[PDB]
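Asker: What follows is the file query.pdb, containing PDB, C-alpha atoms:
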```
ATOM      1  CA  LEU A  12      52.940 158.762 123.867  1.00  0.00           C
ATOM      2  CA  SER A  13      55.955 160.131 121.874  1.00  0.00           C
ATOM      3  CA  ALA A  14      56.980 163.779 122.677  1.00  0.00           C
ATOM      4  CA  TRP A  15      59.379 165.939 120.520  1.00  0.00           C
ATOM      5  CA  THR A  16      60.692 169.399 121.557  1.00  0.00           C
ATOM      6  CA  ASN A  17      62.200 171.879 118.999  1.00  0.00           C
ATOM      7  CA  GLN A  18      64.938 174.578 119.423  1.00  0.00           C
ATOM      8  CA  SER A  19      62.177 177.157 120.326  1.00  0.00           C
ATOM      9  CA  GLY A  20      60.707 175.051 123.236  1.00  0.00           C
ATOM     10  CA  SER A  21      57.538 173.915 121.285  1.00  0.00           C
ATOM     11  CA  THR A  22      56.540 170.220 121.692  1.00  0.00           C
ATOM     12  CA  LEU A  23      54.778 167.801 119.319  1.00  0.00           C
ATOM     13  CA  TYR A  24      52.821 165.192 121.375  1.00  0.00           C
ATOM     14  CA  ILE A  25      52.279 162.180 119.081  1.00  0.00           C
ATOM     15  CA  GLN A  26      49.309 160.150 120.441  1.00  0.00           C
ATOM     16  CA  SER A  27      49.143 157.561 117.589  1.00  0.00           C
ATOM     17  CA  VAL A  28      50.624 156.420 114.282  1.00  0.00           C
ATOM     18  CA  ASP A  29      48.282 153.811 112.605  1.00  0.00           C
ATOM     19  CA  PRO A  30      49.708 150.971 110.483  1.00  0.00           C
ATOM     20  CA  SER A  31      48.643 153.241 107.513  1.00  0.00           C
ATOM     21  CA  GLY A  32      51.214 155.914 108.677  1.00  0.00           C
ATOM     22  CA  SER A  33      48.343 158.253 109.796  1.00  0.00           C
ATOM     23  CA  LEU A  34      49.620 160.438 112.662  1.00  0.00           C
ATOM     24  CA  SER A  35      47.375 162.021 115.356  1.00  0.00           C
ATOM     25  CA  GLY A  36      48.579 164.225 118.191  1.00  0.00           C
ATOM     26  CA  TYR A  37      48.643 167.688 119.743  1.00  0.00           C
ATOM     27  CA  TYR A  38      51.214 170.435 119.837  1.00  0.00           C
ATOM     28  CA  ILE A  39      52.053 173.172 122.361  1.00  0.00           C
ATOM     29  CA  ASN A  40      53.642 176.262 120.747  1.00  0.00           C
ATOM     30  CA  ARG A  41      56.233 178.117 122.920  1.00  0.00           C
ATOM     31  CA  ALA A  42      57.955 180.096 120.047  1.00  0.00           C
ATOM     32  CA  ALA A  43      58.793 183.717 121.184  1.00  0.00           C
ATOM     33  CA  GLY A  44      56.642 186.430 119.532  1.00  0.00           C
ATOM     34  CA  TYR A  45      53.714 184.163 118.476  1.00  0.00           C
ATOM     35  CA  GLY A  46      50.189 183.920 119.819  1.00  0.00           C
ATOM     36  CA  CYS A  47      48.622 180.544 120.696  1.00  0.00           C
ATOM     37  CA  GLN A  48      51.340 179.541 123.211  1.00  0.00           C
ATOM     38  CA  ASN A  49      51.212 177.150 126.194  1.00  0.00           C
ATOM     39  CA  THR A  50      47.969 175.300 125.046  1.00  0.00           C
ATOM     40  CA  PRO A  51      47.109 172.242 122.947  1.00  0.00           C
ATOM     41  CA  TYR A  52      46.432 172.498 119.196  1.00  0.00           C
ATOM     42  CA  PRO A  53      45.470 169.404 117.192  1.00  0.00           C
ATOM     43  CA  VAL A  54      47.983 167.593 114.923  1.00  0.00           C
ATOM     44  CA  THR A  55      47.459 165.490 111.793  1.00  0.00           C
ATOM     45  CA  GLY A  56      49.739 163.998 109.193  1.00  0.00           C
ATOM     46  CA  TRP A  57      51.784 161.076 107.887  1.00  0.00           C
ATOM     47  CA  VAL A  58      54.750 158.883 108.873  1.00  0.00           C
ATOM     48  CA  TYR A  59      56.502 156.825 106.143  1.00  0.00           C
ATOM     49  CA  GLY A  60      59.785 155.265 107.248  1.00  0.00           C
ATOM     50  CA  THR A  61      61.951 158.204 108.481  1.00  0.00           C
ATOM     51  CA  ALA A  62      59.890 160.783 106.459  1.00  0.00           C
ATOM     52  CA  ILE A  63      57.142 162.773 108.247  1.00  0.00           C
ATOM     53  CA  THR A  64      54.614 165.530 107.731  1.00  0.00           C
ATOM     54  CA  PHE A  65      52.319 167.104 110.281  1.00  0.00           C
ATOM     55  CA  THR A  66      50.032 170.157 110.354  1.00  0.00           C
ATOM     56  CA  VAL A  67      48.559 172.157 113.311  1.00  0.00           C
ATOM     57  CA  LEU A  68      45.341 174.233 113.207  1.00  0.00           C
ATOM     58  CA  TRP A  69      45.886 177.334 115.428  1.00  0.00           C
ATOM     59  CA  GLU A  70      42.430 177.079 117.038  1.00  0.00           C
ATOM     60  CA  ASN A  71      41.419 175.363 120.301  1.00  0.00           C
ATOM     61  CA  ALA A  72      38.846 176.098 123.097  1.00  0.00           C
ATOM     62  CA  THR A  73      40.801 179.090 124.382  1.00  0.00           C
ATOM     63  CA  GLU A  74      42.821 180.892 121.659  1.00  0.00           C
ATOM     64  CA  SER A  75      42.780 181.260 117.803  1.00  0.00           C
ATOM     65  CA  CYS A  76      45.599 182.657 115.602  1.00  0.00           C
ATOM     66  CA  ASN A  77      43.525 182.403 112.426  1.00  0.00           C
ATOM     67  CA  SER A  78      46.075 180.123 110.615  1.00  0.00           C
ATOM     68  CA  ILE A  79      47.675 176.692 109.974  1.00  0.00           C
ATOM     69  CA  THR A  80      51.242 175.325 109.870  1.00  0.00           C
ATOM     70  CA  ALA A  81      52.480 172.327 107.823  1.00  0.00           C
ATOM     71  CA  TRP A  82      55.850 170.783 108.768  1.00  0.00           C
ATOM     72  CA  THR A  83      57.750 168.550 106.253  1.00  0.00           C
ATOM     73  CA  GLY A  84      60.929 166.783 107.420  1.00  0.00           C
ATOM     74  CA  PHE A  85      62.863 163.617 108.191  1.00  0.00           C
ATOM     75  CA  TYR A  86      64.170 161.527 111.120  1.00  0.00           C
ATOM     76  CA  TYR A  87      68.020 161.178 111.153  1.00  0.00           C
ATOM     77  CA  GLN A  88      70.608 160.959 114.028  1.00  0.00           C
ATOM     78  CA  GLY A  89      67.956 161.168 116.807  1.00  0.00           C
ATOM     79  CA  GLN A  90      66.309 164.394 115.491  1.00  0.00           C
ATOM     80  CA  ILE A  91      63.434 165.343 113.153  1.00  0.00           C
ATOM     81  CA  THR A  92      64.726 168.167 110.891  1.00  0.00           C
ATOM     82  CA  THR A  93      61.707 170.016 109.446  1.00  0.00           C
ATOM     83  CA  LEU A  94      60.845 172.901 107.079  1.00  0.00           C
ATOM     84  CA  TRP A  95      57.517 174.574 108.046  1.00  0.00           C
ATOM     85  CA  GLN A  96      55.077 176.886 106.203  1.00  0.00           C
ATOM     86  CA  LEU A  97      52.478 179.044 108.028  1.00  0.00           C
ATOM     87  CA  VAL A  98      49.425 180.382 106.097  1.00  0.00           C
ATOM     88  CA  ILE A  99      46.999 183.013 107.561  1.00  0.00           C
ATOM     89  CA  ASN A 100      43.218 183.046 106.716  1.00  0.00           C
ATOM     90  CA  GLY A 101      42.325 185.783 104.176  1.00  0.00           C
ATOM     91  CA  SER A 102      45.826 185.567 102.563  1.00  0.00           C
ATOM     92  CA  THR A 103      45.937 186.681  98.855  1.00  0.00           C
ATOM     93  CA  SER A 104      49.683 186.072  98.071  1.00  0.00           C
ATOM     94  CA  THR A 105      52.228 183.217  98.609  1.00  0.00           C
ATOM     95  CA  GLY A 106      54.501 186.136  99.744  1.00  0.00           C
ATOM     96  CA  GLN A 107      52.332 186.167 102.965  1.00  0.00           C
ATOM     97  CA  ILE A 108      53.159 182.464 103.728  1.00  0.00           C
ATOM     98  CA  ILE A 109      55.771 182.529 106.556  1.00  0.00           C
ATOM     99  CA  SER A 110      58.461 179.789 106.662  1.00  0.00           C
ATOM    100  CA  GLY A 111      61.393 178.486 108.706  1.00  0.00           C
ATOM    101  CA  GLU A 112      63.246 175.398 110.002  1.00  0.00           C
ATOM    102  CA  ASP A 113      62.513 173.409 113.213  1.00  0.00           C
ATOM    103  CA  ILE A 114      64.642 170.592 114.738  1.00  0.00           C
ATOM    104  CA  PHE A 115      62.755 168.288 117.161  1.00  0.00           C
ATOM    105  CA  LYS A 116      64.503 165.947 119.650  1.00  0.00           C
ATOM    106  CA  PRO A 117      62.860 163.357 121.955  1.00  0.00           C
ATOM    107  CA  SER A 118      61.614 164.947 125.247  1.00  0.00           C
TER     108      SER A 118
ATOM    109  CA  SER B  13      34.755 168.805  96.124  1.00  0.00           C
ATOM    110  CA  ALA B  14      37.386 168.189  93.370  1.00  0.00           C
ATOM    111  CA  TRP B  15      40.342 170.591  92.709  1.00  0.00           C
ATOM    112  CA  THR B  16      42.745 170.107  89.679  1.00  0.00           C
ATOM    113  CA  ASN B  17      46.135 171.898  89.462  1.00  0.00           C
ATOM    114  CA  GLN B  18      48.108 173.210  86.407  1.00  0.00           C
ATOM    115  CA  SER B  19      49.817 169.742  85.993  1.00  0.00           C
ATOM    116  CA  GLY B  20      46.371 167.936  85.914  1.00  0.00           C
ATOM    117  CA  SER B  21      46.623 166.433  89.473  1.00  0.00           C
ATOM    118  CA  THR B  22      43.289 166.353  91.417  1.00  0.00           C
ATOM    119  CA  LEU B  23      42.632 166.743  95.182  1.00  0.00           C
ATOM    120  CA  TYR B  24      39.331 165.018  96.078  1.00  0.00           C
ATOM    121  CA  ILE B  25      38.035 166.481  99.362  1.00  0.00           C
ATOM    122  CA  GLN B  26      35.435 163.964 100.753  1.00  0.00           C
ATOM    123  CA  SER B  27      34.762 165.797 104.120  1.00  0.00           C
ATOM    124  CA  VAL B  28      35.627 168.809 106.314  1.00  0.00           C
ATOM    125  CA  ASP B  29      34.823 168.148 110.080  1.00  0.00           C
ATOM    126  CA  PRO B  30      33.270 171.091 111.941  1.00  0.00           C
ATOM    127  CA  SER B  31      36.790 171.217 113.591  1.00  0.00           C
ATOM    128  CA  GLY B  32      38.173 171.909 110.012  1.00  0.00           C
ATOM    129  CA  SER B  33      39.758 168.379 109.825  1.00  0.00           C
ATOM    130  CA  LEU B  34      40.118 167.538 106.034  1.00  0.00           C
ATOM    131  CA  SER B  35      39.879 163.945 104.593  1.00  0.00           C
ATOM    132  CA  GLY B  36      40.046 162.778 100.926  1.00  0.00           C
ATOM    133  CA  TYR B  37      42.232 161.195  98.232  1.00  0.00           C
ATOM    134  CA  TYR B  38      44.553 162.742  95.600  1.00  0.00           C
ATOM    135  CA  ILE B  39      45.389 161.526  92.067  1.00  0.00           C
ATOM    136  CA  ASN B  40      48.805 162.671  90.866  1.00  0.00           C
ATOM    137  CA  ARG B  41      49.053 163.272  87.058  1.00  0.00           C
ATOM    138  CA  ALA B  42      52.314 165.320  87.162  1.00  0.00           C
ATOM    139  CA  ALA B  43      54.717 164.475  84.239  1.00  0.00           C
ATOM    140  CA  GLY B  44      58.108 163.012  85.272  1.00  0.00           C
ATOM    141  CA  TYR B  45      56.702 161.702  88.630  1.00  0.00           C
ATOM    142  CA  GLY B  46      55.827 158.188  89.814  1.00  0.00           C
ATOM    143  CA  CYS B  47      52.568 157.302  91.608  1.00  0.00           C
ATOM    144  CA  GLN B  48      50.259 158.628  88.839  1.00  0.00           C
ATOM    145  CA  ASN B  49      46.559 157.786  88.130  1.00  0.00           C
ATOM    146  CA  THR B  50      45.868 156.020  91.515  1.00  0.00           C
ATOM    147  CA  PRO B  51      44.278 157.506  94.670  1.00  0.00           C
ATOM    148  CA  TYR B  52      46.613 158.483  97.611  1.00  0.00           C
ATOM    149  CA  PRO B  53      45.269 159.341 101.082  1.00  0.00           C
ATOM    150  CA  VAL B  54      44.872 163.046 102.059  1.00  0.00           C
ATOM    151  CA  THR B  55      44.679 164.586 105.592  1.00  0.00           C
ATOM    152  CA  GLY B  56      44.651 168.304 106.446  1.00  0.00           C
ATOM    153  CA  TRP B  57      43.114 171.443 107.980  1.00  0.00           C
ATOM    154  CA  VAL B  58      40.866 174.212 106.712  1.00  0.00           C
ATOM    155  CA  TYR B  59      40.552 177.557 108.568  1.00  0.00           C
ATOM    156  CA  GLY B  60      38.446 180.070 106.645  1.00  0.00           C
ATOM    157  CA  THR B  61      40.366 180.373 103.371  1.00  0.00           C
ATOM    158  CA  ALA B  62      43.561 178.734 104.828  1.00  0.00           C
ATOM    159  CA  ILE B  63      44.255 175.114 103.847  1.00  0.00           C
ATOM    160  CA  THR B  64      47.005 172.519 104.483  1.00  0.00           C
ATOM    161  CA  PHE B  65      46.841 168.984 103.150  1.00  0.00           C
ATOM    162  CA  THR B  66      49.370 166.175 103.002  1.00  0.00           C
ATOM    163  CA  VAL B  67      49.453 163.054 100.779  1.00  0.00           C
ATOM    164  CA  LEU B  68      51.318 159.830 101.626  1.00  0.00           C
ATOM    165  CA  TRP B  69      52.763 158.415  98.330  1.00  0.00           C
ATOM    166  CA  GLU B  70      51.931 154.836  99.423  1.00  0.00           C
ATOM    167  CA  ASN B  71      48.927 152.734  98.337  1.00  0.00           C
ATOM    168  CA  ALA B  72      48.298 149.079  97.285  1.00  0.00           C
ATOM    169  CA  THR B  73      49.014 149.971  93.559  1.00  0.00           C
ATOM    170  CA  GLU B  74      52.335 151.873  93.735  1.00  0.00           C
ATOM    171  CA  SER B  75      54.658 153.366  96.405  1.00  0.00           C
ATOM    172  CA  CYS B  76      57.136 156.300  95.916  1.00  0.00           C
ATOM    173  CA  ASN B  77      58.543 156.242  99.498  1.00  0.00           C
ATOM    174  CA  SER B  78      57.728 159.943 100.137  1.00  0.00           C
ATOM    175  CA  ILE B  79      55.174 162.528 101.444  1.00  0.00           C
ATOM    176  CA  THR B  80      54.007 165.940 100.136  1.00  0.00           C
ATOM    177  CA  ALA B  81      52.568 168.775 102.271  1.00  0.00           C
ATOM    178  CA  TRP B  82      50.669 171.690 100.669  1.00  0.00           C
ATOM    179  CA  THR B  83      50.133 174.985 102.529  1.00  0.00           C
ATOM    180  CA  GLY B  84      47.910 177.530 100.777  1.00  0.00           C
ATOM    181  CA  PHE B  85      44.774 179.705 100.646  1.00  0.00           C
ATOM    182  CA  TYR B  86      41.484 179.878  98.666  1.00  0.00           C
ATOM    183  CA  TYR B  87      41.286 183.210  96.716  1.00  0.00           C
ATOM    184  CA  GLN B  88      39.262 184.199  93.567  1.00  0.00           C
ATOM    185  CA  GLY B  89      37.810 180.700  92.986  1.00  0.00           C
ATOM    186  CA  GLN B  90      41.254 178.938  93.139  1.00  0.00           C
ATOM    187  CA  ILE B  91      43.500 177.393  95.863  1.00  0.00           C
ATOM    188  CA  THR B  92      47.094 178.757  95.605  1.00  0.00           C
ATOM    189  CA  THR B  93      49.619 176.515  97.459  1.00  0.00           C
ATOM    190  CA  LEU B  94      53.332 175.984  98.111  1.00  0.00           C
ATOM    191  CA  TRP B  95      54.269 172.269  98.483  1.00  0.00           C
ATOM    192  CA  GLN B  96      57.222 170.388 100.032  1.00  0.00           C
ATOM    193  CA  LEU B  97      58.107 166.753  99.139  1.00  0.00           C
ATOM    194  CA  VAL B  98      60.337 164.710 101.471  1.00  0.00           C
ATOM    195  CA  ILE B  99      61.697 161.236 100.603  1.00  0.00           C
ATOM    196  CA  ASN B 100      61.941 158.346 103.046  1.00  0.00           C
ATOM    197  CA  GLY B 101      65.603 158.017 104.282  1.00  0.00           C
ATOM    198  CA  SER B 102      66.541 161.703 103.634  1.00  0.00           C
ATOM    199  CA  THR B 103      69.645 163.070 105.431  1.00  0.00           C
ATOM    200  CA  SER B 104      69.606 166.816 104.314  1.00  0.00           C
ATOM    201  CA  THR B 105      66.942 169.569 103.913  1.00  0.00           C
ATOM    202  CA  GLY B 106      68.676 169.869 100.456  1.00  0.00           C
ATOM    203  CA  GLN B 107      66.861 166.597  99.395  1.00  0.00           C
ATOM    204  CA  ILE B 108      63.396 168.227 100.101  1.00  0.00           C
ATOM    205  CA  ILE B 109      61.865 169.208  96.684  1.00  0.00           C
ATOM    206  CA  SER B 110      59.472 172.198  96.513  1.00  0.00           C
ATOM    207  CA  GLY B 111      57.158 174.165  94.211  1.00  0.00           C
ATOM    208  CA  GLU B 112      53.840 175.982  93.710  1.00  0.00           C
ATOM    209  CA  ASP B 113      50.501 174.395  92.667  1.00  0.00           C
ATOM    210  CA  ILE B 114      47.381 176.384  91.704  1.00  0.00           C
ATOM    211  CA  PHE B 115      44.140 174.349  91.979  1.00  0.00           C
ATOM    212  CA  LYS B 116      40.868 175.266  90.192  1.00  0.00           C
ATOM    213  CA  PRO B 117      37.533 173.417  90.550  1.00  0.00           C
ATOM    214  CA  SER B 118      36.870 170.191  88.547  1.00  0.00           C
TER     215      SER B 118
END
```
Show how you would write the structure in this file as structure tokens.
Answerer:
Amino acid sequence: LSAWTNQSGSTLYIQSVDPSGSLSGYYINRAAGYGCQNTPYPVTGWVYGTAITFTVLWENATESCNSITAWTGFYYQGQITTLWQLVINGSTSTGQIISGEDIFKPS
Amino acid sequence: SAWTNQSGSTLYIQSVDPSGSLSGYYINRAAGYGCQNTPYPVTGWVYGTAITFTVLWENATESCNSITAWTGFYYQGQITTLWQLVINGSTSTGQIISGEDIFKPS
């Protein structure tokens, strides 16, 4: 499979991209200061030429962080540059949606 | 379940796995945009009131060479979301287009 590590040490493990552009994978979070680190969380999304989206549910057999992330970005010059948005369960305001930028390189 | 936003676009959720895995189609009716009136594939996650979904702007009818991802929550009978749209062949995060959609039941 096709592994991509960001500036924070987290890795996207792509298992499959169908001819439809449907992506399936798993993701290990190693970002400082976050729960749900060091264990697999499921991935879904889309691949369309150099454009990509993917989204991780922060629940697996062992740990839950009660939330989801969606990444949106693009493949250029051997890296996937992404903007991500993180929404917590029970949220009442878009002001509570946390955001940032991730750069993934092959690993 | 069907959800229509302020621009008249509808998210058609067909299933939610026990794992929270979301599957459906989406019909874009947003003025000024291509890929209107035809169903696009949806994947995503639900976690209590938290929702992400992503639409590939490719089908057999019309292609717009791009993908949108919505991140949002269910609150007071509506889904409030921020979305990000990335175009095939992009070279800067400046080319990513963004906004807010509010979805109510249809």
Asker: Evaluate the ChimeraX specification (/B :<7) & /A here and jot the selected residues down as a PyMOL selection string.
Answerer: chain A and resi 55-57+59-62+64+66+68+77-79+81+83-85+87+96+98-103
Asker: How many Å separate CA of residue 74 in chain B from CA of residue 106 in chain B?
Answerer: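 According to the coordinates, CA of residue 74 in chain B and CA of residue 106 in chain B are separated by 25.2 Å.
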Asker: What do you get, as a CSV table (one decimal) with C-alpha atoms, in the frame of the given file, if you spell out every residue that the PyMOL selection byres ((chain B and resi 116) around 9) selects here?
Answerer:
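As a result, out05.csv now contains:
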```csv
chain,number,residue,atom,x,y,z
B,14,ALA,CA,37.4,168.2,93.4
B,15,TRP,CA,40.3,170.6,92.7
B,16,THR,CA,42.7,170.1,89.7
B,17,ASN,CA,46.1,171.9,89.5
B,18,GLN,CA,48.1,173.2,86.4
B,89,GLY,CA,37.8,180.7,93.0
B,90,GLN,CA,41.3,178.9,93.1
B,91,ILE,CA,43.5,177.4,95.9
B,92,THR,CA,47.1,178.8,95.6
B,114,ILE,CA,47.4,176.4,91.7
B,115,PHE,CA,44.1,174.3,92.0
B,117,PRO,CA,37.5,173.4,90.6
B,118,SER,CA,36.9,170.2,88.5
```
Asker: Mind pulling up the distance from CA of residue 37 in chain A to CA of residue 22 in chain A?
Answerer: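 The value is 8.5 Å.
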Asker: Nearest to residue 42 in chain B: which of B:111, B:73, B:30, B:20 is it, counting all atoms listed in the file?
Answerer: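 Among the listed residues, the smallest separation from residue 42 in chain B belongs to B:20.
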Asker: Check the smallest atom-to-atom distance from each of A:71, A:63, A:58, A:39 to residue 17 in chain A using only C-alpha atoms, then report the winner.
Answerer: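 Closest to residue 17 in chain A of all the choices is A:39.
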Asker: Give as a ChimeraX atom specification the set of residues within 10 Å of the point (41.4, 156.5, 100.0), where distances use the file's coordinates and all atoms listed in the file.
Answerer: /B:24,26,35-38,50-54,71
Asker: Identify which of the residues A:26, A:73, A:92, A:118 lies closest to residue 46 in chain A, counting all atoms listed in the file when measuring atom-to-atom distances.
Answerer: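 Smallest distance to residue 46 in chain A is found for A:73.
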Asker: Could you work out how far CA of residue 107 in chain A lies from CA of residue 51 in chain A, giving the answer in Å with one decimal?
Answerer: 24.9 Å
Asker: Determine, counting only C-alpha atoms, which protein, DNA and RNA residues have an atom within 6 Å of an atom of residue 67 in chain A; residues of the same chain fewer than 6 positions away are not included. Present the result as a list in words.
Answerer: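 The filter keeps residues 53, 54, 79 and 80 of chain A.
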Asker: Output the selection as a PDB file, in the coordinates of the input - C-alpha atoms for each residue.
Answerer:
```pdb
ATOM      1  CA  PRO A  53      45.470 169.404 117.192  1.00  0.00           C
ATOM      2  CA  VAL A  54      47.983 167.593 114.923  1.00  0.00           C
ATOM      3  CA  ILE A  79      47.675 176.692 109.974  1.00  0.00           C
ATOM      4  CA  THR A  80      51.242 175.325 109.870  1.00  0.00           C
TER       5      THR A  80
END
```
Asker: Starting from the PyMOL selection byres ((chain A and resi 41) around 7), expand the selection into actual residues of this file and give them as a ChimeraX atom specification.
Answerer: /A:19-21,39-40,42-43,48-49
Asker: Please work out which residues fall within 7 Å of (63.4, 177.9, 108.2), coordinates as given in the file, with only C-alpha atoms counting, and return them as JSON, numbers by chain.
Answerer: {"A": [94, 95, 110, 111, 112, 113]}
